[PDB]
Amino acid sequence: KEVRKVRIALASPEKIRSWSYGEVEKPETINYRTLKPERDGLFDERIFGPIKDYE
Amino acid sequence: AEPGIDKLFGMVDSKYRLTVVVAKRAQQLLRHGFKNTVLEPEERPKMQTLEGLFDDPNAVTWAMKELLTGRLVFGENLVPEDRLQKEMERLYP
Amino acid sequence: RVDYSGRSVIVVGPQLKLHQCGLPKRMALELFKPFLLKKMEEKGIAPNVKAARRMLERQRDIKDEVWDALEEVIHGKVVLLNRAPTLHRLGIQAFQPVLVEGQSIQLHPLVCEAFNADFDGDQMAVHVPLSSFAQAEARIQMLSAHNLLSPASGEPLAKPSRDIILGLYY
Amino acid sequence: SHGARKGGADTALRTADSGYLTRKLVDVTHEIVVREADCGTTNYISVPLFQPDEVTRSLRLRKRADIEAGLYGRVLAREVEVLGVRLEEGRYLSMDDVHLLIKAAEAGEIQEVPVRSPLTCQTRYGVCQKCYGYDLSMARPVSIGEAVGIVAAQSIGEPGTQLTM
Amino acid sequence: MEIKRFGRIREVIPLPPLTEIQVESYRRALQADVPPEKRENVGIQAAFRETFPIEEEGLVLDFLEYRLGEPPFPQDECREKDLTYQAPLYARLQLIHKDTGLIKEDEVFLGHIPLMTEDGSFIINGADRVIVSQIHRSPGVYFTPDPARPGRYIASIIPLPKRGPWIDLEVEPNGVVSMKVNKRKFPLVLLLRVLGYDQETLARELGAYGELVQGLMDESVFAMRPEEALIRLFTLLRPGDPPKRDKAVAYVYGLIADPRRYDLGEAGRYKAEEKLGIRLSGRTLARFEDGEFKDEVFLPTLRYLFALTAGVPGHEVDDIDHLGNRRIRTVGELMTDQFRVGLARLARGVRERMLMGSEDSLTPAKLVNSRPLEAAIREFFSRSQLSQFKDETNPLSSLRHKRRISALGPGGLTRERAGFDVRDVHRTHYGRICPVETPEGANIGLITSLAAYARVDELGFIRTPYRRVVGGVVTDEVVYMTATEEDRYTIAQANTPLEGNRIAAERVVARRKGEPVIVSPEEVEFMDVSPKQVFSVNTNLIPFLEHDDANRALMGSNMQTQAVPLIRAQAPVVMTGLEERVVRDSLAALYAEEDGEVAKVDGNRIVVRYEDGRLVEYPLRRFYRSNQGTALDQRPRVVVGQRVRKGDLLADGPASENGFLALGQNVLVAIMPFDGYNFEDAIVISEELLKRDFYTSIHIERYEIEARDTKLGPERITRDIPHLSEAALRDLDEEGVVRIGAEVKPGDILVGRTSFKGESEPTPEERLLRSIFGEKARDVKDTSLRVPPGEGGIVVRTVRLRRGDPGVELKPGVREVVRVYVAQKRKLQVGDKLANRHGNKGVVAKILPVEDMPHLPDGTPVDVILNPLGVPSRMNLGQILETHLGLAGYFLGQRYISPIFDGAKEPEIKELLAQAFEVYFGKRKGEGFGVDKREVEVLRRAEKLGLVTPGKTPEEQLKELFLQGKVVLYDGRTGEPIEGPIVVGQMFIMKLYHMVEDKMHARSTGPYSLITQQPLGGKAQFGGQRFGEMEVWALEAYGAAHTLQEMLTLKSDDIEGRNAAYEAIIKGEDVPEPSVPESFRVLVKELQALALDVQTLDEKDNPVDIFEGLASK
Amino acid sequence: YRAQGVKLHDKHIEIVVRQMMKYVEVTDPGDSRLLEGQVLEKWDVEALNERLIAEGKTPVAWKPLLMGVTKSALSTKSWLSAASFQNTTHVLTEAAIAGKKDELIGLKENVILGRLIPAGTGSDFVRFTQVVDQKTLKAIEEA
Amino acid sequence: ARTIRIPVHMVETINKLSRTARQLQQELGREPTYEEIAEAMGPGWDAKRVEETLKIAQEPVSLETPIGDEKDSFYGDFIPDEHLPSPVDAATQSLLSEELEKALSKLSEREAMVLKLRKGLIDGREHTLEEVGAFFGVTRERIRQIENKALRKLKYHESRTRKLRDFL
Amino acid sequence: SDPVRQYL
DNA sequence: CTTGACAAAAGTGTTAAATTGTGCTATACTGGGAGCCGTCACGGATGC
DNA sequence: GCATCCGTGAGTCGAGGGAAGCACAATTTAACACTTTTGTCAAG
Ligand SMILES: [Mg+2]
Ligand SMILES: [Zn+2]
């Protein structure tokens, strides 16, 4: 529909986990050599989605 | 200033209603290619081009000029929005 | 930050009307580029829009018919002149662009006080309303020739000034 | 050069204060919009025409520019009968009406003018057309839907740079 | 063109070297020419002797000497190769084994010290840079009154910046003096006990004032031994840490007694002795000798504070803004501090390295790691606020920058935290800091310029010269003296009449502690050298300064820096006398070393055969681009066989005419309104200026491109660019770079480059397109360098640096870099900014044909028309007087030198105008012409206005107008005269660096930001105009709801909206209804990252998904 | 402003002063859940008071309150406009706990969301105006 | 210690390379070139490998680093987003589809579907001749003849109209 | 307030 | 039009090098270190 | 009452600015060949 109101509220741990598409278990950002994101890292493609459309 | 701007402001209770009518009329003219105009051929706005005089392509200029004539009826809850569009499509394909 | 926006130094246009401004041709070509590409496609200047955009890429590739089309593009339309700081609402006003040779915006003398603009090196930004609503609002509400009184006090704000008063007093 | 530097330093440090004040005024009044023709309130303010001078201990007429700034473009809450002229209730006060009221005050016929102001307006989230008065830019009754709160904040804040001199 | 000089003041000393503040300080810091044994304990030599020797507590690393080698590359090579002009530094260190008693010595390479050029600048990473001198509170002991409680004072002991904590001595209301250190307050009794002070000593010293001493006689700690008092104090200073003597004495000794951690400074030590009347052995608050603490300054500070509180006549408070209490840190001191900071880090690594790893087999080369030292020095010359990009628009610009004094920087004030007190003109600024030259705005008073005659002493205090006066006669002895010393004398004014050497005026205008007073000649003790010492170099270049308001004289001096060099630049008709010295001291021009004969003259070099028999060839810098793009070239001014004496001009530098500072053109100016083209500071010029190439300047723009190594493959700089015709590649040579001499316009390729395309399957429409046309998609794409919009010109140079070239240190992965220099000759055009020396500035608004400009009766048109309405409000009458004098010089064919505050006056200008009229009008009489009918009508109106005396002949009345600077001016359009006489004359106008060509910018679509997806900002990035909050308020006030919505969504960050809007326009349709901005989407996600549940609802409170289902699981 | 020669209508100052006097402080809770000393808008308490009288209950007794422009702005009902002004951490931490719902009444909230501001051409008074000629209307009237 | 993590073996190499460069820097009295560093590292090291190792050892730079004395400009304000298509790039893609659709209109009702399937204009992925055949019920040679026929008439229509060359 | 001091 | 021939490209499978991760090193070693005032001034809100 | 802690201080632009080594296992990746799809040429 159309946005008429905006509400802000505390986010429960159940809601925070419901937002997330996966838990980031490692601090690795990208591979230093291949420059691709590392698995379970801060830029992981399985968590946040593909880098390029439909691939 | 815009021609007849004092007359345009005196025809509405709020200056912002004038802008809505002009802009909505301008879109109606653009959508149907200026074939729904209430302006007679002697009254159509014209622009000076190298080849010669041609119809003014600015619909806002047309909408302001049409509204001074008094042949446009504007207001709130005149006709249903869907009914207005379908009728205007049939008359002006 | 907005698209369809430019900026250049301002000079005084005494020959202009109260509702007009001097928009440089080069600024207007870039500001009104999507409109110009459609107009170029309509005429024989370019076969399509993509070929039209290639023509404008190189300065030496621009023909003399493009400037004629640009005049047709901006016909009736207005642009917004803005000088910072916009202390009051008259810091943004709508003017009908007039294509001029050069690179400086020509400002009408009477709107200088509202803009708080002199010509010792001041600059202004140009903005292009796109839709019929945006054009109608600028041409009806924001037009320079329509805002002659001060909203703060009700006294005239576009009134004779330094040289204008001096000549009439003499 | 001592004064010139102080004046130059005053100008530099006043733009920040004036600009901050305008932002405060915008944010407190940004939601004020003329939302209806009339809120129906019978309240008003009596704009005084005479100022309580204390050096001479007497009432003296206020300056014309001061009375104009408080009476021009305002809807009369109550009927005023001055100098044989009947200013009916609901009448917007033009410059001629304001000048007429000052002329009547000089003759000792009226001391204050009851007008509708935003202070007594009962419209929620804004003001009404009859409590605001005239669009000073157009010298005619304000059109419903104008953001007077933004205009008011800009009107107050714009001359802030010139205030301290 | 003879030069006439005005004035009566005889200057006994010339201007000091204008760059000595930068040059002398750095020489004293490096000491690279004095032999090592004769080096004094200043500069980096003092830094070496401070940190060294280094002791492990049995290995000692001692320092013996240092030396600086020759720079690896010359100055020109460093600029071309993006190098730093620096000299290697070698330290001769010895390692001493305390156990065995054996010394090992070798010379260790400590890195490179950047070298200052002859003009006083640095070449850091190939860019000229200037270190701005910093002004700050001088270290020492200061006694300021307590504002909260009247009658009480606070004693502050200030060390060098980041060289110890500040110490506050204050008398508490309880009666006990408390010393505040590191935000911690504690009674001064405890530390005073640590310094071996007893009750008898305190009462004997401080007991002659009253109850104050009894408030410092708490016996609860007096009976306590000093060693325990130190432990008690140590716990107070740092609670929680384990209190032990070895950990307590080390902290207390380091706090106030360690020279390596606390440094009061030479200036601080001098100020303390001058104030407190003592003699410091060192530069520390206490000395730690024989295993016990000894007091240096606390008791003298405490005695002064008590006596000042009591009310003794001889003690007074200290003005912190007094320029005797404010010092200047020059480039030498700033670098030395950073040298000492890095050297301390080097010692720290050396200490931690000599205690680990083959201690028996150690050498000073292995222990010393020079990386910390180079890092600190490199950081100072690159990322420091005081290290500024050199301003070299013209020679005056570079000269001004080196003489600037800034209160900001690391260790100084803050632009927004600086009050009015620091920004004001103190009375002690007289002769030391220019009162008018300062950047108006947020930086007003925080950045200043050194006065013309002022020089910074060794301690950092600005001194100004004065002429000693004995018995009422002024001697030639000049004394340089600081503000604190200046306050003790009655100093007369340089304009005081002198009958030779004796003061003739019975009443002499003088200053006593900055206050103007009237004194007899016998009461005068010193005299000013000249009015020029009160103002800076820039302000001294403004003639008739006494007639200009300080607000506009500020603008005039500042704008002289922004004037570009012109191809036909001319020295002003009215000068002040510093035009020759500015060029001479800027090193932009070229002068003969001694007497000799010129052998070869060419546009590239000058060879002079000096009488010593040596042929010295002088290369001439030709068409060199300045940091600001202005072309800097030297033009020879000698011929073959010409005899030149020592100091004679050889080649004019940029913006100079025959050795005189030429920042603009001398044009005929009419002061009159002109059809509204003069409105609000706008300027009207004639087309004749363009015809003869006045205000025409050469500017060079540098374009850079790099060929880098990529994972897909290497970028190649080549002429074979895919999908391009020969017309696009016509001007590229075989190597892919544009040929030299080619004219390039926007969109033209400067360097051709091809980059490998990222491996990606094409879109299905492209695949059908390629299959239709039978064209195989290439593996490389066009990434060539093209001329940005609004730019262009003639290609004058191509610099190609490749990996492995001698001295070229390219970044890793960069195969090569190509630099293209495009120079354009810019003529004056509408929108270009002009100015004069008196603060009158404006942009050209109209260029008229020669037949349209108002012209003199002899047919001479004016060049510039100025609005007279800019005079009365600005009160800058100097331009009027320059115009009057210039009018006389125009007809007499001569120039003038009128020094500021002592120069041409109206009686002297009018007598020159009388001579000018005789050649201006007496020529007409000889030619056989009477008085014009049009002139007679103007004279009829002039006598009605009272400008001329009624009853005189028309020739006599015309002379009266001429003596007022006014002539009968005809109108080029109508032919009829202007109804009133017009002030017409010759004025010096400069063409400023701000041009409409470099400022015009426009944009429809282009780059967008990464996160917000909003358009970028800046002309260089092809960015949009910022529509800030105040602009949004203006649309809200107007009621333009749809215009505002477009600028918020359709034109900024509605990715779906902006793509549809552009597509709709090119198809001839109206733009669609916009959508939610991406910035709000970022706001929602950023708020969620803070664990805040932000949800957008509908009319019925049901959630609405603004992410289109892309974020819902 | 008068002493400096600046001419300004009293309306603009009275609009701001009206916002300063917008809040009240409860002195007697009465037959309500409000707390003594609680600060709330004058419109709300008057609307609550007339409501309580309708069902025959003791009305809330309040006291007029004056606050500065900064305090009046920061205590606005909409958290979006208050958070964008100042004390963003303080405004958001209270709004999140209270679960505040922003109705998007003023101009700043609509500007943040990129919506049509409820003023000028975006006001409900004029936004729904229709335009039609006398032939497209006459034909519709027949149906 | 690195935002872009580097393995221990490569981190040890970087430290060894830095020590070698530092030791040579003091010995030569200047910054060594990649040739001197490579020789001092030992066998298996050349200037190329030293240059690549230094390139790998480059820490990422923060997007929030201020530039200029004024604290109002950052690195992120100057880095364009080259991932999302620009309005011009998006518009020409839609223009190309419209022109391509008109060209395919002149093709037969059967040829157009085969060509769009082979070029992936329907499913988004190409279909092989057999799969296109399994779709319509013909052998692979039929599709290769239809595709070559449908793709040839488009060349004729394009050449006789020249309404599609600009997009290439 | 100092985490290092608190640990030590 | 389909059959078959026919082969180039693309797709599994093994597999060696190359790269990456992890464990271990035994005289004895046992509480850090940079900062350091033109401390920015001023109004508000909380607290004890 | 006062100490004490916290947040606030115009806009646009501009340019310049951009200190361990080893062994050993475990995993990943280039390198290779064989077969399988796909594409293509012929034929009738
Ligand atoms: Mg200006
Ligand atoms: Zn009302």
Side-chain angles (χ1 to χ4, degrees), chain A residues 33, chain C residues 7 82-87 91 123-125, chain D residues 12-24 157 160-161, chain E residues 127 136-137 156 158-166 168 181-183 240-242 247 255 261-262 320-321 326 349 352-353 369 371 382-383 388-389 407 411-414 416-419 421-422 442 627-628 811 994 998-999 1001 1017-1020 1025-1031, chain F residues 68 70-71 86-90, chain G residues 7-10 12 15-16 18-19 22 61 65-70 73 75 78 128-131 138-145 148, chain H residues 2 4-5 7-8:
Chain A
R33 193 184 66 182
Chain C
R7 179 178 221 94
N82 173 220
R83 183 178 182 271
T86 311
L87 301 181
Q123 293 189 251
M124 293 180 183
Chain D
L13 303 198
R14 183 175 42 196
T15 46
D17 302 4
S18 170
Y20 191 21
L21 176 59
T22 304
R23 185 153 181 287
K24 292 179 187 173
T161 301
Chain E
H136 76 115
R137 298 185 51 182
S156 304
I158 309 174
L160 275 183
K162 292 182 177 67
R163 296 289 293 157
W166 295 27
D168 282 296
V181 187
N182 285 315
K183 302 173 150 305
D241 268 358
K247 298 307 163 290
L255 181 84
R261 301 181 68 242
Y262 191 93
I320 59 158
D321 286 314
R326 294 231 281 168
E352 89 180 332
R353 186 175 296 172
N369 182 17
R371 303 286 289 172
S382 297
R383 283 159 296 208
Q388 305 180 358
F389 204 51
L413 301 160
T414 302
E416 293 83 6
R417 303 282 74 77
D421 290 334
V422 308
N627 284 342
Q628 285 69 25
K811 294 177 71 67
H994 308 283
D998 298 319
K999 306 203 165 194
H1001 174 58
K1019 171 172 176 176
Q1025 297 303 310
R1026 158 85 183 174
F1027 211 73
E1029 293 175 280
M1030 320 194 57
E1031 290 81 33
Chain F
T70 307
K71 190 174 179 66
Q86 264 174 25
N87 277 76
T88 301
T89 302
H90 179 82
Chain G
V8 176
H9 74 89
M10 199 67 225
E12 300 175 349
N15 290 335
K16 172 170 207 269
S18 293
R19 293 193 308 99
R22 190 178 71 235
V61 71
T65 54
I67 53 181
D69 294 358
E70 305 171 355
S73 184
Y75 278 10
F78 300 82
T128 80
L129 306 166
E130 183 144 359
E131 314 164 2
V138 292
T139 73
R140 308 191 274 118
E141 186 62 4
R142 190 47 199 175
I143 301 92
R144 183 182 174 275
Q145 179 175 358
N148 199 359
Chain H
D2 195 5
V4 181
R5 182 189 291 274
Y7 182 65
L8 292 181

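Here is how names work: the chains are called A, B, and so on, in the same order as the sequence lines, proteins then strands, and each is numbered from 1. Just the heavy atoms: all of them, side chains too, but no hydrogens, waters or symmetry mates, feed the values below.
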E:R1026 CZ to J:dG14 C1': how many Å, rounded?
16 Å
Duplex segments of DNA chain J, taken as runs of at least three Watson-Crick or G-U pairs that stay under 3.5 Å
I:7-12 with J:33-38, I:18-20 with J:25-27, I:40-48 with J:1-9
Answer with yes or no whether G:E141 presents, from its side chain, a donor or acceptor under 3.5 Å of a partner atom in the base of J:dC41.
yes
Quick one: label D:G157 by what it contacts on the DNA or RNA (base, sugar-phosphate, nothing), any heavy atom closer than 4.0 Å.
nothing
Shorter than 3.5 Å, N or O on both sides, protein versus nucleotides 39-42 of chain I: list them out with atom names.
from	atom 1	to	atom 2	distance (Å)
I:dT39	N3	E:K183	NZ	3.3
I:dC40	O2	E:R417	NE	3.2
I:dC40	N3	E:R417	NE	3.4

Using the sign of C1'-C2'-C3'-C4', would you call the sugar of J:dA10 north or south?
north
Report yes if a donor N or O on one partner sits less than 3.5 Å from an acceptor N or O on the other, where the partners are the side chain of H:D2 and the base of I:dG32; otherwise report no.
yes
Separation of D:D17 atom CG from J:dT8 atom P, in whole Å?
16 Å
How far, in whole Å, is J:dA30 from I:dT20 if one measures between their P atoms?
11 Å
How far does the P atom of I:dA28 sit from the matching atom of J:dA19, given to the nearest Å?
28 Å
A:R33 near the nucleic acid: base, sugar-phosphate alone, or nothing, with a heavy-atom cut-off under 4.0 Å?
sugar-phosphate
Between CD of G:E70 and P of J:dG16 the distance, given in whole Å, is 14 Å
I'd like to know if E:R261 reaches the base of I:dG35 with its side chain, counting only an N/O donor and acceptor under 3.5 Å.
yes
Gap between atoms CZ and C1', on E:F389 and J:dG17 respectively (whole Å):
10 Å
Looking across every strand, which nucleic acid part, if any, lies under 4.0 Å from E:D321 by heavy atom: base, sugar-phosphate, or nothing?
base
Quick one: label D:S18 by what it contacts on the DNA or RNA (base, sugar-phosphate, nothing), any heavy atom closer than 4.0 Å.
nothing
Rounded to whole Å, CG of G:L129 lies from P of J:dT40 at a distance of 6 Å
Neighbour count above 12 (heavy atom, 6.0 Å) for G:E131 CD
yes
Between E:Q1025 and G:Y75, who's closer to the 5' end of DNA chain J by nearest nucleotide?
E:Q1025
